[PDB]
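In: Before I ask anything, here's the sequence and the deposited coordinates:
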Amino acid sequence: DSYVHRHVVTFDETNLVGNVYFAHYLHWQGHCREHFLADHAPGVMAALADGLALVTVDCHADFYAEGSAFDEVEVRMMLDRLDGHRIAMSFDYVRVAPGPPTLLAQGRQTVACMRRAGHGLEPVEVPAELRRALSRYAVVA
Amino acid sequence: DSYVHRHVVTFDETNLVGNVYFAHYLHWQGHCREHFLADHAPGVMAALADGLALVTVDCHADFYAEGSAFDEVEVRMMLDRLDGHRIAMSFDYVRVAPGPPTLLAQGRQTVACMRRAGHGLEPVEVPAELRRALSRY
Amino acid sequence: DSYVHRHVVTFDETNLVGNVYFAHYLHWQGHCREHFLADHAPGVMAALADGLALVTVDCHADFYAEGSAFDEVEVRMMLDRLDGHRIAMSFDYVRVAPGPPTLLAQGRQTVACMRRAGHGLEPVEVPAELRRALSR
Amino acid sequence: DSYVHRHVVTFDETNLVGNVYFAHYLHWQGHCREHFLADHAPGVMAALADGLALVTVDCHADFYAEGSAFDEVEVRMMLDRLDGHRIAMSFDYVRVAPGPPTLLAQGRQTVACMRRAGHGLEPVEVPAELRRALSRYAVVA
């Protein structure tokens, strides 16, 4: 199963060629993880306003098919790895309208849970609530 | 006199038509004012990290001519008004390369000086240093 | 009555202060007029791919209240005037969640309808369907 | 040796944490490769308007240190691979001001040289002028 974040491609996201500028696909990963916390871990987003941080470690995208203005894109997110203070997510970018479902792109991202201090940013274990939520989207065999 | 902030139009700023998306001209006003504080009021820029916030009250733009990817744009900024806690700026967007200088658009913006309160915000008086800098225009 | 475009504020739209960076509110006007065409004038939408362009003449925004990441904003659009080849829209940005509904900001925009005819951009009138739809 | 694109971090690039939003680092790769064409392959720049595109195959970024508004970042670009119709670049994002040069992130990107015939993207061999310009930034041992 995957977490489905819906996006409708806007004109400001299209380059003079007619297709979606590459960097936008990375913004959509951020939206997908944010919308996830809104829906399934609202205590966590919330804490972000009082201490906590989800730091991006790395991100990746691969681009297969051209998107266009007014395409309805699904950013489908799955859990790759949960190890201590770190979270590994993968993404699928499927155009669901107009026309047939088309895999436009695939992405990945790594996030570390941190907090702030005088000594510096310290690694702090994934909040219970977010662990509980992420688990539902793990890939089994 | 005007403060000149240089911008080179990038592909992410151009839509399917081939011209600069309107919204971007408003971002550039932001870059121009920020670049101005870096150059002419650097104490104020440090003070925005601790207490002080510049809030946007309004902004306006009028569009005359189309930009294109790789155009060298001058965002030329002037001081209209200094009104207690408030600052009014205007803008000229001139393409200086390629081809002849062309006025693409003109703009305006209002910014208020605010120092964060118990739970909200309050109007402070334009910082001494920022007043000294707007005086040389 | 007004046309409703829903937007949920994302973190990339917030600056270090904590509130929505001003320039994002102009993009939403763009999303609102585009979303309007998808819903209520899908022929015009298609005509854009071939000749027809909606050129922005001017835009304006006034900012009253601070937005925050995860706020559910309504960009409510109304028709001010329809003048030959031109269209004047206004906008209300209302936070509908969380908490009480709050007017964050007001907006306006003027758009000129334009299809090419020679070595240059030429004023064509408002398409029948778009003239019909703005009236609603 | 590397191609140096300079970027000054603006407020619209910073989130409520105070640091640069991750996705902006991908936009800067775009600016770097574009600025490179302007400087060292201006014929390729002109051919873009008429029937040449550079389609992004993939991109990647790793993040090591936090940027801040007004930091002067160098987006330094090197040529990894030139393989027929393809180009692989790597990127070092170095803060040069304020304080000691600091590696903030590292990125990679793959481009493909594509031309339109009717309504079909065909792979075109890397143009002579860009092939020669990129070559000056190749890795020496």
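Out: Happy to help now that I have it. Residues are numbered from 1 along each chain as shown, chains lettered A, B, ... in the order given.
In: Only C-alpha atoms from now on, for both contacts and neighbour counts.
Out: Noted.
In: Next up, phi/psi of the one residue sitting closest to the centre of chain A, please.
Out: Nearest residue to the geometric centre of chain A (CA atoms, centre = their mean): residue A:29, 3.1 Å. Per-residue torsions, residue A:29: phi -60, psi -50 (degrees, to the nearest 10).
In: what do you get for the one 3 residues further on?
Out: Taking degrees, to the nearest 10, you get phi -60, psi -50 for the backbone angles of residue A:32.
In: What separation is there between it and residue A:38?
Out: 10 Å (CA to CA, to the nearest Å).
In: More neighbours: which of these two?
Out: residue A:32 (23 against 15; other CA atoms under 10 Å in any protein chain shown).
In: wait, that one sits on residue A:77?
Out: Yes: Residue A:32 is in contact with residue A:77 according to CA atoms under 8 Å; the separation is 7.2 Å.
In: what touches both of the two?
Out: Residues touching both residue A:32 and residue A:77 (CA atoms under 8 Å, 6 or more residues apart in numbering or on different chains): A:4-5.
In: which SS state does residue A:30 fall under?
Out: helix (DSSP: H, G, I helix; E, B strand; the rest coil).
In: And residue A:89, by the same measure?
Out: Per three-state DSSP, residue A:89 ends up strand.
In: Also the one 5 residues further on?
Out: In the three-state summary, residue A:94 is assigned as strand, counting by three-state DSSP.
In: what residues are up against it?
Out: Residue A:94 touches A:73-76, A:101-105, counting by CA under 8 Å, 6+ apart.
In: Can you give me the distance of the residue nearest to the centre of chain A to chain C?
Out: Distance of residue A:29 to chain C, computed by CA to the nearest CA, to the nearest Å: 11 Å.
In: For that residue, give me its contacts.
Out: Listed by CA under 8 Å, 6+ apart, the contact set of residue A:29 reads A:75, A:91, A:107, A:109.
In: how about a cut-off of 10 Å?
Out: Taking CA atoms under 10 Å, 6 or more residues apart in numbering or on different chains, we find residue A:29 in contact with A:5, A:35, A:59-61, A:75-77, A:89-93, A:107-109, D:23.
In: Quick one: neighbours of residue A:67, just the number.
Out: As a burial measure, residue A:67 scores 25 neighbours (other CA under 10 Å).
In: For it, pull up the helix or strand it's in.
Out: Using DSSP states H and E, residue A:67 sits in no helix or strand.
In: Point out the residues in chain A that sit beside chain C.
Out: A:8-12, A:18, A:27-28, A:30-32, A:34-35, A:38, A:45-46, A:49, A:69-70 (CA under 10 Å from any CA of the partner chain).
In: and those, which of them are in strands?
Out: Counted as lying in strands by DSSP state E, out of those, are residue A:8.
In: Only whichever of the residues of chain A next to chain C are buried, select them in PyMOL.
Out: Those of the residues of chain A next to chain C that count as buried under 16 or more other CA atoms under 10 Å in any protein chain shown are selected in PyMOL with:
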select buried, chain A and resi 9+10+11+12+18+27+28+30+31+32+34+35+45+69+70
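In: so which of the residues of chain A next to chain C are also by chain D?
Out: Answer for the residues of chain A next to chain C near chain D (CA under 10 Å from any CA): A:27-28, A:30, A:49.
In: residues touching the closest residue to residue A:24 other than its chain neighbours, list them.
Out: Nearest residue to residue A:24 in three dimensions, chain neighbours excluded: residue A:13, at 6.6 Å (CA to CA, 6 or more residues apart in numbering or on different chains). By CA under 10 Å, 6+ apart, residue A:13 lies in contact with A:19-25, A:67-69, B:12-16, B:21.
In: Which parts of chain A are helices?
Out: Assigned by DSSP state H, chain A shows helices spanning A:24-40, A:44-47, A:128-134.
In: what about whatever residue of chain A ends up closest to chain B, neighbour count?
Out: At 4.2 Å from chain B, residue A:16 is the closest residue in chain A, using CA to the nearest CA. Neighbourhood size, residue A:16 [other CA under 10 Å]: 20.
In: again with residue A:84
Out: Neighbours around residue A:84, by other CA under 10 Å: 12.
In: what do you get for residue A:6?
Out: Residue A:6 has 19 neighbours, counted by other CA under 10 Å.
In: who's in contact with the nearest residue to it once chain neighbours are set aside?
Out: Nearest residue to residue A:6 in three dimensions, chain neighbours excluded: residue A:74, at 4.7 Å (CA to CA, 6+ apart). Going by CA under 10 Å, 6+ apart, residue A:74 touches A:3-8, A:28, A:32, A:91-97, A:101, A:103-104.
In: got it, and residue A:52?
Out: Applying CA under 10 Å, 6+ apart to residue A:52 gives the contacts A:44-46, A:113-116, A:121, A:124, A:127, D:17.
In: same thing but 7 Å
Out: A:114-115 (CA atoms under 7 Å, 6 or more residues apart in numbering or on different chains).
In: And for residue A:89?
Out: Residue A:89 neighbours (CA under 7 Å, 6+ apart): A:77-80, A:108-110.
In: do the same with residue A:44
Out: Residue A:44 neighbours (CA under 7 Å, 6+ apart): residue A:130.
In: Could you tell me the angle between the longest strand along chain A and helix A:24-40?
Out: Identified as the longest strand of chain A according to DSSP E is strand A:102-115. In terms of direction (axes from the mean of the first three to the mean of the last three CA atoms, to 10 degrees), strand A:102-115 departs from helix A:24-40 by 60 degrees.
In: Show me the strands paired with strand A:102-115, marking each as parallel or antiparallel.
Out: Applying DSSP bridges, strand A:102-115 is found paired with strand A:52-63 (antiparallel), strand A:86-97 (antiparallel), strand A:122-123 (antiparallel).
In: Nice, that's everything, thank you.
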